[PDB]
Every structure is written in C-alpha cells, then in structure tokens.
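Below is one structure; the comments refer to it alone.
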Ligand SMILES: O=P(O)(O)OC[C@@H]1CC[C@@H](O)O1
Ligand SMILES: [Mn+2]
Ligand SMILES: [Mn+2]
Ligand SMILES: [Mn+2]
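Residue numbers (PDB author numbering): 2 to 392.
See the structure below:
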C-alpha cells in the first residue's frame, strides 16, 4: 500500500459555498464557512490555512498560501439529498437517489394513522422538539393515557417517548420496529427511529439510558464493507458507526464533543493499525448549524483548528490525513435544514515533501471512497474516481 493508515475526518456540515444545484433545494446564497467568517470578522484557522483551505476559496481571515502542506480542492455532491446519511454513504462509494425527509411541521396524518392502527395506541405531539421540552409538555398526559409521544427534530428522525412504568420497555422497542418498517417508504423516509423511554414524575422527567436507535443500512456495500472483508482495520469514531449502521466497522469509539473526537483521533494515531480511521465531528451540525448560531459555530471551528498541530506531529510518512464535510448547514440561512453546498477536501501526508497542489474538482463525494479502495487494493466502488495517483 502507498499508505498504511488513512485518517478521514468529516467536519459535519462544514460547507464551502452553494453547490451548482442549490436552487432546487432553496439554498441559493448559502455559504457555511463564508458566512461564519463574516460573522466572526475573520475566522482564525491558521492550521487549516497551512493545509491550503484558503487555496480552495479565500474567505474573511482565511487566505491562500504559496506552499500548502497538502493537496486541496472541493467536492460536489451527486446524490439527491443533502442529509448526513446521504453524504456519508456517498463518501464511502455509493450513489443515493432517494433523499431522507425532514419534518418541520410534523409527520403526515397517513403515517401516524398506520402506526396507531398497527400498535393500538394513540399518538400525541407530532412536532420538532427537544427531549426536555416535549416531556414537560406531554409527559403527564402520556402517563395517564398510555399514549405515545411521537416527535422529530431538525434532522431526519422519528422519536417515540414513553414512560417506562406505563409502557414496558420491550413494548416500546416493538413499536419502534413497526415505525422503522413504516418509514421505509419514500413518502415518509426518516433516517432514524429512536426509542426515548423516560422515567420520573410531572415536572421532573428524565430520559433513560435505555434509548435505542433504529437506523437504515447503507443502500449498497460500501468501501468500509470491502476493507473489513479484506481484514483491514476500520475504526469508527463518534457518530460514524451509527451513520453506517455498523456496516464495515471493526472497532467503534464513542465521543461526547468535538474535543473528545479529536482526543480519539489522537488515540488512533497511537494504535498500530492498517486501514482506516474515520472521525465525524458532529457539534458543528448538531449544536450550531441547526440552531443557526454562527458565533458558537465560529468558536467551534477555531477550537478544532487549534487541535490540528498535534495531529500533524503524529502523522507518519505512510499516513494520509483527509479532511472534508458531508454537506453544508449555513447558520445564517432561513429555517433549520441543511444547505446544498460544495464541501472542502484537504489531503495531507508528511511524505509530501514539496507540499501539495490543486486537485481537479471532485465530481462526487465517492472519489474519497475510490481513493481509499485503491490505496488498500480492495474492490473499487461503482462510483467515484480515485485521486491517489495525484498525491
Ligand atoms: O436531546 P435532544 O435535544 O432531543 O436531541 C435529539 C437529537 C437531535 C437530532 C437527533 O439526533 O435527535
Ligand atoms: Mn434552504
Ligand atoms: Mn452531516
Ligand atoms: Mn444535521
């Protein structure tokens, strides 16, 4: 192999400007990093800059350099949707025609009617909400009626909450599996169904660790499947294992924040493995993008950038670092949904002794998967063009 270990970092939702098909999505004018840079009166990301971020696009406080550490370009999304699952599935070599849906005004009556009809239970709520808000509002009614609290969020999720002393946990999991089957339907395609059992009394409800997620498997065998099947290490950090429903994952490392995600990246740099270490930094999307909080988003990006020099110091000659994103989520955009954007691509190895150059624009995110596959000599994915030879 040209590289013994590839470290792939997805900065979740960190877009680099509206994509060519942004109009279809109502995303004209969107620009995640650019709007954040403007809000911050200049972003301080000196390490991403040294890698060549500004060489991709100059933005406030983000300038090009004469000799970037590695290679740089951006990527265009080919799949129909702009959600996290679509983006990650494309990265690992797939093409996804059918988008996952988001539900800002709740779920269609048709879907909820069929769920009631199958479960023998009434449904209440049906709106985007955090776990705490919805329980305060509807927990007592749930307890008294044996109802199900069905709710959503800014991402493609259907969440079902029930008190553990009113609806048995095993019954809640059965209900969620029914909902998982019903939501495999393009009219109401949700990324994930989530059991949200809770306990306590009115004015003091607590969600329990008995939460269970019901994810869909990627629509195809990914490069991660192929890596795993050829006995390579595939170390998933953060939401990565969940995003792929465990497909192709050999070890999974849970994280609780972006700084924790960088600590686990460092842990994998200290492991003797051959194959892929794959980090998702999710705070960008989950805490700041959807909440339309450009200040918190800007601070998070600066906090992330300050961690990078330790990553640089630990990379070996036969290590490759890849930094990218899976869509945009512009924190100064209308509504609460993602935005259809190009995503940056930075490719760095210490063996690049004369620095890098511009790569041709990646026409699908799957060029990442093709590059990984070619590096490790596994079956090339159906989609994507490797840039391994350009490095
Ligand atoms: O605890 P919360 O605010 O209800 O977060 C729920 C998450 C947010 C998006 C989806 O992952 O579900
Ligand atoms: Mn929009
Ligand atoms: Mn995402
Ligand atoms: Mn999101």
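Where is the CB? At the ideal position from N, CA and C, for every residue including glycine.
Can you tell me whether DSSP reads residue 404 as helix, strand or coil?
Any answer about residue 404 is impossible in this case: the structure gives the chain only from 2 up to 392.
Could you check how far apart the C-beta atoms of residue 10 and residue 282 are, in whole angstroms? I think they sit under 8 angstroms.
Taking the first residue of the chain shown as 1, we reach residue 10 at position 9. Taking the first residue of the chain shown as 1, we reach residue 282 at position 281. That pair is a contact at about 7 angstroms.
Taking the continuous alpha helix (DSSP H) assigned at residue 265, which residues delimit it?
Residue 265 sits at position 264 when you count from the first residue of the chain shown. It spans 259-270 - the alpha helix (DSSP H) in which residue 265 sits, taken as one unbroken run.
Which ranges would you report for the beta strand (DSSP E) in the region 3-90 if only whole runs of at least 3 residues count?
6-12, 72-76
Compare the Cα-Cα distances from residue 300 to each of 4, 42, 20 and report the closest residue.
As a position in the chain shown, residue 300 is number 299, starting the count at 1. Checked all of 4, 42, 20; the closest Cα to residue 300 is 42.
Residue 120 - containing beta strand (DSSP E), residue span
Numbered from 1 along the chain shown, position 119 holds the residue referred to as residue 120. Segment 110-120 is the alpha helix (DSSP H) holding residue 120; no beta strand (DSSP E) there.
Are the Cβ atoms of residue 103 and residue 331 separated by less than 7 angstroms?
On the chain shown, position 102 is the one that residue 103 refers to. On the chain shown, position 330 is the one that residue 331 refers to. For residue 103 and residue 331, no; Cβs fall outside 7 angstroms.
Same chain, Cβ closer than 6 angstroms to residue 153, five either side skipped, listed in chain order:
By 1-based counting over the chain shown, the position of residue 153 is 152. Closer than 6 angstroms at Cβ, skipping near neighbours: 104, 129.
From residue 147 to residue 140, what does the alpha carbon distance come to, in whole angstroms?
For the purposes of this step, residue 147 is taken as residue 146 along the chain shown, with counting starting at 1. For the purposes of this step, residue 140 is taken as residue 139 along the chain shown, with counting starting at 1. Approximately 10 angstroms, taken between the alpha carbons.
For a test of the three-state rule: what should DSSP assign to residue 129, helix, strand or coil?
In the chain shown, counting from the first residue as 1, residue 129 sits at position 128. In the structure shown, residue 129 sits in a strand (DSSP, three-state: E or B).
Please classify residue 49 as buried or exposed, where buried requires at least 16 other C-beta atoms within 10 Å of its C-beta.
The count along the chain shown starts at 1 and reaches residue 49 at position 48. Label assigned to residue 49: buried.
Taking DSSP as the reference, what is the three-state secondary structure of residue 294?
Along the chain shown, read from residue 1 onward, the residue named residue 294 stands at position 293. In this structure, residue 294 counts as coil in the three-state DSSP scheme.
Residue 294 Cβ short of 6 angstroms to ligand 1 heavy atom set
Locating residue 294 in the chain shown gives position 293, where the first residue counts as 1. Residue 294 Cβ: outside cutoff for every heavy atom of ligand 1.
Does the distance from the CB of residue 245 to the CB of residue 219 come in under 7 angstroms?
The residue given as residue 245 occupies position 244 in the chain shown. The residue given as residue 219 occupies position 218 in the chain shown. Closer than 7 angstroms, so yes.
Span of the beta strand (DSSP E) holding residue 318?
As a first step, residue 318 must be located in the chain shown, where it is residue number 317. Per DSSP, residue 318 belongs to no beta strand (DSSP E) and is neither H nor E.
So if I measure from each beta-carbon to every heavy atom of ligand 4 and keep distances below 5 angstroms, which residues remain?
156, 286
According to the neighbour-count rule (16 or more other Cβ atoms, all chains shown, within 10 Å of its Cβ), is residue 312 buried or exposed?
Against the chain shown, residue 312 aligns to sequence position 311. Its Cβ being crowded by 16 or more others within 10 Å, residue 312 is buried.
Can you check the region 153-181 for any beta strand (DSSP E) of at least 3 residues that lies completely inside it and give the ranges in chain order?
158-164
Leaving out the 5 sequence neighbours to the left and right, which residues in its chain are closer than 6 angstroms to residue 253 when beta-carbon positions are compared?
Position 252 of the chain shown, counted from the first residue, corresponds to residue 253. So the qualifying residues of the chain are 237, 242.
Please list, in chain order, all residues of the same chain as residue 30 whose beta carbon is under 7 angstroms from its beta carbon, the five residues on each side excluded.
Start at 1 with the first residue of the chain shown, and residue 30 comes out as number 29. Only 19 meet the Cβ criterion.
Within the continuous beta strand (DSSP E) that includes residue 278, where are the two ends?
Locating residue 278 in the chain shown gives position 277, counting from the first residue. From DSSP, the beta strand (DSSP E) with residue 278 extends over 276-282.
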